[PDB]
Amino acid sequence: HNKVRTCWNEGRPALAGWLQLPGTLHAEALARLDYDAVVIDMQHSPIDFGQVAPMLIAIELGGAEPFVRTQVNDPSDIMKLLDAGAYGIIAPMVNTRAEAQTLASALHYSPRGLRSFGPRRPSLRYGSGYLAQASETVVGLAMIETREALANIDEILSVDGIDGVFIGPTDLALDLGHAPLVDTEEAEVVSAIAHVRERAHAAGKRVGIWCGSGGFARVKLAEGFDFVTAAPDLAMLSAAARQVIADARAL
Amino acid sequence: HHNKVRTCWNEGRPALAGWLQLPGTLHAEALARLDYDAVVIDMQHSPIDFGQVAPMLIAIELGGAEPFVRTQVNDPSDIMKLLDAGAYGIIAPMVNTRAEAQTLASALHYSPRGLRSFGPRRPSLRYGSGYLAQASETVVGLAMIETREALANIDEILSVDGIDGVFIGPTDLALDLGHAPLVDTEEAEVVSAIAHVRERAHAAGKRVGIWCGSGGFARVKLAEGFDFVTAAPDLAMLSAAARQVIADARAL
Amino acid sequence: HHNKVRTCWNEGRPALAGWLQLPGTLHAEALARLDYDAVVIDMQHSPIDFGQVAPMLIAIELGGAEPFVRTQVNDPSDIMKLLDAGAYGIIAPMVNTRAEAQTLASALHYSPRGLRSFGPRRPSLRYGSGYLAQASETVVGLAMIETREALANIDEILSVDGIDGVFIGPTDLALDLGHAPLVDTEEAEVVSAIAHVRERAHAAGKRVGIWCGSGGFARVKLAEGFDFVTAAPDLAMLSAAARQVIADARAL
Amino acid sequence: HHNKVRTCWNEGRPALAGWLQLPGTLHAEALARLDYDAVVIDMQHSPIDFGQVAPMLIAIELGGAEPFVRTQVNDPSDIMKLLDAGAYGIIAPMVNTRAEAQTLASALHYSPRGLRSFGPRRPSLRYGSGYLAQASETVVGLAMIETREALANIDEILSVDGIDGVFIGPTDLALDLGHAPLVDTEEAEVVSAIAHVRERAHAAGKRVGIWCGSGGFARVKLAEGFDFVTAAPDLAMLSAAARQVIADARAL
Amino acid sequence: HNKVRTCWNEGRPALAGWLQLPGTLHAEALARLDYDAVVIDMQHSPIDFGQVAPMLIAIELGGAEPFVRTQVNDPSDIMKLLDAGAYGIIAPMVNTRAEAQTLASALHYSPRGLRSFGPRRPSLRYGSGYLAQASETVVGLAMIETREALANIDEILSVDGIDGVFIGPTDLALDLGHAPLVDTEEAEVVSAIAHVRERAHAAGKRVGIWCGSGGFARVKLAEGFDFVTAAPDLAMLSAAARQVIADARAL
Amino acid sequence: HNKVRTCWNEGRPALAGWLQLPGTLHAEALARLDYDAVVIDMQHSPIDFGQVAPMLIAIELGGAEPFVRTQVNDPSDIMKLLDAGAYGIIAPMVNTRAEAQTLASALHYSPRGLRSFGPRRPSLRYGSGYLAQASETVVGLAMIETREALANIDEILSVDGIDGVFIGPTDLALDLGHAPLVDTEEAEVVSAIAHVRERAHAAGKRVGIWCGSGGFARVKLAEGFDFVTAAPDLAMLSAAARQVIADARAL
Ligand SMILES: [K+]
Ligand SMILES: [K+]
Ligand SMILES: [K+]
Ligand SMILES: [K+]
Ligand SMILES: [K+]
Ligand SMILES: [K+]
Ligand SMILES: [Mg+2]
Ligand SMILES: [Mg+2]
Ligand SMILES: [Mg+2]
Ligand SMILES: [Mg+2]
Ligand SMILES: [Mg+2]
Ligand SMILES: [Mg+2]
C-alpha cells in the first residue's frame with residue numbers, strides 16, 4: 001500500500017516530485033501526474049508543519065505517496081510527520097552511523113525503534129491492524145550530502161531500519177569544494193555519486209538522488225537509482241514563466 | 001512611486017502580466033522579478049482568500065511588478081479592502097452593464113469622483129505624503145467582459161469615466177456564447193466578438209486587456225494592439241512543466 | 001467518479017450526512033470514513049471561513065464521503081468559488097422566493113443552464129477529461145427553507161429546475177414562526193409545516209432534506225421519506241460526549 | 001454576564017473603546033486589560049479578515065473589554081457570523097438611508113424583532129442558559145454616518161428601532177463633503193454636521209458614537225456628550241511611538 | 001490561581017480534558033464543562049505552535065487551566081509555551097534523571113532554573129508581581145512511558161522543580177511488549193502503573209495518567225491519581241458519530 | 001547591501017526595531033521609519049515560522065534589514081530563516097565557545113561552516129553570484145545573557161564567523177540575582193554590560209544591546225554600542241494606549 005515500496009517490490013524504481021511551494025492545489029495536481037511519490041521539502045522552503053499537514057492529504061488524494069524531506073534529523077519532528085500521514089522521510093545531513101541510528105529510531109515502534117504511539121492519520125488509512133504493518137508503510141532514507149557522510153557510507157548503510165540513502169548532490173558538490181550546480185558534470189562529484197549508489201546496492205539497500213531536470217533523471221534511472229526526484233516546483237514554474245514571457249515579447 | 005502598468009501605457013506600450021492561482025509568497029516574488037510589468041492574483045478561480053492574498057501583494061511589490069487582483073466579484077467593499085492592502089490594479093468579474101461598471105468605478109476613487117472609503121494603510125506607506133493627491137492614478141481598474149450581455153453593452157460599459165477599460169475573458173465568453181470553454185479559444189464567433197471589443201475600446205479612448213493561456217496567444221494579442229495581456233496561470237504552467245519532466249525522465 | 005449522494009438517490013435511497021462546525025481536517029476525514037454518504041461543512045453558524053474550509057473539502061473526499069457546504073449566504077460568487085475548490089453539494093440559506101432559488105440555480109450550472117464561471121480547479125482533477133460533459137450532475141444543490149415566507153412560497157421555490165430540492169432548518173423555522181429555537185423541535189405548527197414542505201417537494205418531483213440534532217430524530221425523518229438527512233453537529237456531539245465522560249469519571 | 005458598553009450607558013456614562021487595525025491576539029488582550037470598556041476590531045481599513053478576527057474576539061473578552069467589530073460592509077450574513085463568533089458590538093459602514101439602517105437592525109435581533117439566524121456558538125458559552133431571553137441586549141449596534149447622504153437622512157436613520165444609534169466617521173464625512181481627509185478634522189462644515197448628528201441622536205433618544213485619532217480629541221468628544229468614543233488606532237499609536245523612540249535615540 | 005494547584009492544595013485531584021483537534025471553539029466549550037484543566041496534545045495531533053496559541057486563550061476564558069503535552073522535552077519549546085500562557089507542561093519520554101532535570105530547568109527562572117525572561121501572557125494574567133510567584137503558576141509533569149523510565153522512576157521523582165510524573169500507558173504497554181490498548185487490563189501493565197503511582201506518592205510527588213473512558217478515569221481517581229485525563233476529543237467525537245449513524249440507520 | 005553591515009563599514013552604528021507582535025503591516029510601517037534594521041523576536045512572542053516568513057518580506061520592502069532573534073541557537077532553524085530572507089540572526093543563550101561555534105556553523109557555507117545550500121529568497125535578492133558574497137550578506141550575533149556567558153566572553157568573542165555579541169540585559173540582571181528590569185541602573189549589571197562592550201571592542205568585534213526606551217538607547221549609542229534596539233512594539237503600543245486613555249478620561 002506504500003506506493004514506493006510497491007514499486008520496489010515489483011522490481012521498478014520510483015519517480016517523485018519535489019515541492020518547495022506551500023499549498024494543496026499544485027500538490028494534488030502533481031500527485032495525479034505519473035509520479036509515484038511527491039516529496040515536500042521542509043528544509044529549503046517556507047513550508048512549516050502547519051502548511052505541510054494539508055499538503056500530505058492532498059498528495060494522498062491525488063494518488064502519489066506523500067514524502068517529506070525534513071528540516072533536520074530530529075526524532076520528534078519525524079514522529080509528528082508520520083502521525084500526520086507522511087509515508088516517506090528523507091532526513092538531511094545524516095553524516096555518521098549514530099545519526100543514521102537516530103533516524104531509524106523514529107521510524108519504528110518498540111522493540112525495533114522508539115517511535116511514540118498515536119498514529120492519528122495512519123490508523124485512518126490502514127485500520128486497527130496498522131501496528132503490525134507500520135514499519136513497512138513508511139520509507140526512510142538518510143541523506144548523504146557531505147564528505148563525512150561519504151567517508152562513513154558503509155557504516156550508515158549498515159543501519160537496520162533505514163531503507164537506504166538519498167544523495168543531496170548540490171550540498172555534496174559544495175562540501176567537496178565545487179559549485180553547488182544542479183545536475184553537475186564535475187567529474188569528482190559524478191564519481192562520488194556513482195560510488196554511493198554502488199555501495200548502497202552492494203549492501204542490499206536503496207539509493208535515491210535529487211535531480212533538476214527530466215534528462216538527468218532519465219540517466220539516473222538508467223544508472224539504477226531506486227528513487228529519483230525531478231524537478232522542484234519553483235524551478236519548473238520559474239523556467240516556464242521565463243519561456244512564456246520570451247514567447248509573448250517575441251524575444 | 002508610479003504604477004508600472006500606467007507607465008507602460010504613458011509610453012504607448014502594452015503591459016504584460018502574470019497570473020497566479022496558487023497561494024503563497026515565494027513564487028509570487030520570483031515571478032514578479034521576471035519581465036512582467038504586473039502580476040495578477042486570481043481570487044476567483046483559485047483557493048486564494050483575503051488572508052492569503054495580503055502577503056502576496058507585498059511579495060509582488062518587493063519583486064518589482066505591480067500587484068493586481070482579479071476579484072471574485074464586483075463588490076465595492078471587497079475592492080476597497082484590497083486597495084488599502086496594496087492592490088494597485090483591480091480586474092472585476094461580470095461587469096455586464098453600465099451600472100455595474102459605475103459600481104466598479106465608484107470603489108476606485110475618493111469622493112467626489114467616487115465613494116472609496118478612506119484608510120489607505122499600505123498605499124500611504126508606498127507613496128508617502130504625496131499619496132492622496134495622485135491616488136486615482138496609482139490604481140488601474142478594468143471591467144471584465146465575459147458574457148453575451150457585456151458584449152452587447154460594450155459601448156455603455158466603456159462610457160464610464162472612472163474605469164481605465166475592459167479585460168476580456170475568452171473562455172467564459174465562449175461558454176456563454178454556446179461554445180466549448182477552451183483555453184485560448186479561436187472559435188470564429190468568439191474571435192469576432194473579441195475583435196469588436198478591442199475596436200470599441202480604442203474608439204472610446206479606453207484600454208483593453210485580455211487573458212491568455214500561452215505565450216504564443218499572448219504574442220498575437222500584443223500584435224493585435226491589446227494594452228494589457230496576461231500569460232499564463234502559474235498552476236497550468238507548473239503542471240505542464242511537470243508533465244514534460246516526467247515524460248523526459250521516463251523516456252527510452 | 002460519481003456524487004455519492006446522487007448515487008443514493010439514483011438507487012431510490014436517502015443519503016445520511018454529517019455536519020461540521022469545528023474547523024480542521026482530522027475529524028473531517030475521520031467522520032467521512034464513517035457510514036456517512038456526505039459531510040456538510042457549516043460556514044454559517046461556525047467560525048469556518050474559506051481558508052479553513054478548503055483543506056477540509058480535500059480531507060472529506062479522501063475519507064470517502066461527498067464534501068458538502070452550507071454557505072453563509074446565497075451568493076453566486078461564493079458558491080462558485082466553493083464548487084471550484086471541490087464542494088460537491090451546496091446548501092444555501094434564506095431561499096425565500098422563486099427569484100432567490102433561481103439565483104442559487106444560476107451558480108450551479110454552466111451556461112446555457114446557468115451562469116457558473118469557468119475555472120474548475122479541483123473538479124477537473126477529480127473527474128478528469130470527462131468533467132465538463134457531466135458537470136451539473138457532479139453537484140447537488142439544495143435551497144434552505146427556514147422562514148415563514150419560504151414556507152408560503154414553497155411551490156414557487158420547488159418550480160426552479162436547476163435546484164435538486166430543498167433543505168429544511170427546523171430550529172430557524174420554529175423561531176420565525178414564533179416558537180422557541182429548539183434543537184429537533186416538535187412544536188405542532190412546525191411539524192405541520194415540515195410535513196407540508198416534504199409533501200410539496202415530492203409532488204414536484206424534487207428532493208427534500210432536513211437538519212437533525214440527534215440520531216433518533218434522523219431515524220424518524222428517514223422513515224418519513226426524507227431524501228437527505230444530516231445528524232448531528234460535531235461540536236454538539238463532542239460536548240455531550242465530554243459531559244458524559246466527566247459525569248462517569250466523577251461518579252460515586 | 002453583561003455588555004460592558006450597555007452597562008456604561010445604563011449608568012448614564014459614556015464608553016471609551018480601543019481601535020485595532022493590526023491582526024493578532026497579544027496586543028488585543030493587552031489593550032483590553034487597560035481602562036477601555038470595549039475594543040473595536042476594524043475589518044474595513046485593515047488586513048484583518050474573519051480568520052484573524054475570530055481569536056481576537058476571544059482575547060479581548062479574556063482581557064475584560066467588550067469585543068466590538070467595525071465591519072467592512074453592512075451585510076446581514078457577515079454580521080450574524082460575527083455575532084455567533086462573539087462580537088458583542090457591530091459598527092456597520094455606509095448606512096446612508098433608513099432602509100440600510102433597517103438592514104443592520106435585521107441582523108442583530110432574532111425574530112420577530114429581526115431575522116437573525118439561530119446558532120449562537122459563542123454567546124451561548126458566555127451567557128449560558130439565560131442567553132436567548134436577553135440576546136438582543138447583549139449586542140450593541142451602531143450605524144455609521146460618514147456621507148453627505150447619511151447626514152441628510154440622519155432623522156430617518158435614527159427612527160429605526162432596532163439600532164442603538166449611530167457612529168460618526170469624521171474623516172470620511174469630511175472627504176465626502178469636499179474637504180481634506182484629515183485625522184480629527186475640525187473643518188468648520190464638518191464640525192457643524194457632527195454637532196447636528198449628535199443633537200438629532202439625542203433628540204431621538206438614541207446613542208451617538210464617534211471615531212477619534214487622539215486622546216485629546218476623544219476628551220473633547222466625551223465633554224460634548226458623546227456616548228461611545230474610540231481612541232486611537234493601534235497602528236497609528238505604535239508608529240508615532242516608534243518615531244518618537246527613534247528621535248530620542250538619535251538625539252544629540 | 002493555577003486551578004490544578006488549587007485542587008491539590010485543597011486536597012482534591014484534578015480531572016482534565018485532552019485535545020488532539022486544533023481550534024478554539026471546542027477548546028472553550030470543553031473548558032466550560034467540569035474539567036479543572038484541558039491538555040492540548042502537540043505530540044500526536046496536527047497542532048503546531050500557531051494553532052496552540054489561540055487555544056490556550058480559549059481554554060483560559062472558558063475557566064479551565066490550559067495545559068500542553070509537548071511534542072518533545074525541549075527547553076526552548078517549553079519556554080515559548082509558558083510565555084504564551086501554557087500553565088501546565090507534560091513532557092513526553094522523560095526517561096532519566098538528567099532528562100527530568102532538563103524539564104525542570106525550563107520551568108523556573110534563575111536561580112532555580114534557567115527559564116528565559118519575557119512572560120508576554122503570564123504578566124497580563126498575574127501582573128508585575130509575577131516573577132515572585134512564577135514557579136507556582138505552572139504545573140510540570142514528566143511522562144513515564146518506557147521501561148527505562150520505570151527503571152529510573154525514583155531518580156526522576158527526586159528532581160526538584162517537577163511536580164511529579166504523568167503515565168503514558170499506551171506507550172508503556174507497547175514498550176513492555178504488549179498491545180498499546182487504551183485503558184488496558186494487561187496484568188503487567190496494570191502492575192507497573194500502580195507501582196509508579198505508589199512510588200510517586202511515597203516521594204511526596206504527584207502522579208497523573210491518561211485515560212480513554214470515564215469509567216477508567218473513575219477508577220484512577222479512586223486509586224489516588226492526582227491528575228486524570230479523559231478522554232481525547234477525536235475519540236469521543238468519532239464514537240459519538242458512530243452511535244448517531246447507527247441510531248439513524250436503525251442498526 | 002546588508003544595511004547594518006553598510007552602517008558598520010561606514011563607521012556608524014545601527015539602530016533597530018524590535019517586534020513581538022506578529023503581522024506585516026506594523027512591520028513594514030516601522031521598517032520605513034529611521035531604523036536600519038528591524039528584529040523579529042521569535043523567542044518571547046507568539047511568532048512562529050509561519051508568521052515570521054511574510055514579516056521578513058514586509059521589513060525588506062519597507063527598507064530596513066530584516067533580523068530575527070531566534071527561539072534557540074539551533075542550526076537547522078537558523079538555516080531555514082536565512083533561506084527565508086532573515087539577514088541577521090541573534091541567537092539566545094550562547095554561553096560557551098562551543099555554542100558560539102554552533103551559531104557560526106549555521107551562518108556560512110562550507111568550507112567556513114556547514115550551512116545547507118538552498119537559498120530560496122537570498123538568491124532572488126542577490127542573484128547567481130550570491131554564494132561568493134553569502135557570508136557578508138548575513139549579520140550574526142551571539143547573545144550574552146548569563147553569568148556563564150560573561151565568564152566565557154573572551155572565548156565566545158574568539159569564534160570566527162560571528163560578528164559579535166548582543167547583550168540580553170534583563171536575563172543577565174536576573175541571572176546575576178537582580179530584578180529583570182528594563183534599562184536598569186543596578187550598578188553590578190551596568191558594570192557587566194560595560195565590561196562586555198569593552199571586551200568585544202578590544203577583540204575587534206561588534207556589540208549590541210536591547211533597550212526599552214529611546215533615552216537609554218541614546219546613551220548606549222553614545223557609549224559605543226554597534227547595534228542598539230529600541231523599543232518593543234508591544235511595550236510602545238501599550239504605553240501609548242495608556243496615555244491616550246488617561247488623556248481622554250481627563251486623568
Ligand atoms: K500518481
Ligand atoms: K518585473
Ligand atoms: K463514508
Ligand atoms: K478593560
Ligand atoms: K471548568
Ligand atoms: K528604514
Ligand atoms: Mg542538501
Ligand atoms: Mg468609510
Ligand atoms: Mg467568469
Ligand atoms: Mg438560518
Ligand atoms: Mg505516549
Ligand atoms: Mg533574554
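Counting convention: from 1, in listed order, for ligands and their atoms alike. All chains are named by letter (A, B, ...) in the order of the sequence lines, taking the proteins before the strands, and each is independently numbered beginning at 1.
- The closest approach of E/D171 to the Mg ion (ligand 11), by N/O/S atoms, is made by OD2.
- Angle O(C/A32) to the K ion (ligand 3) to O(C/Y36): 100° [nearest 10 degrees].
- The atom of E/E145 nearest to the Mg ion (ligand 11) is OE1, with the search restricted to N, O or S atoms.
- Side-chain rings of E/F225 and E/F166 stay apart, their centers remaining 6.0 Å or farther from each other.
- Partner of E/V165 under the side chain to side chain contact (heavy atoms under 4.5 Å, CB included) criterion, out of E/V196, E/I90, E/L141: E/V196 alone.
- Counting only N and O atoms by type, the side chains of C/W9 and C/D227 include no donor and acceptor under 3.5 Å apart.
- In summary, the side chains of E/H178 and E/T184 do not present any donor paired with an acceptor at a separation below 3.5 Å, with no hydrogens or angles considered.
- Within 6.0 Å of atom CD in B/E11, more than 12 heavy atoms from other residues, nucleotides or ligands are found, so the atom counts as buried in its surroundings.
- The K ion (ligand 2) has B/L34 among its coordinating residues (N/O/S atom, backbone or side chain, under 3.4 Å).
- The K ion (ligand 2) has B/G64 among its coordinating residues (N/O/S atom, backbone or side chain, under 3.4 Å).
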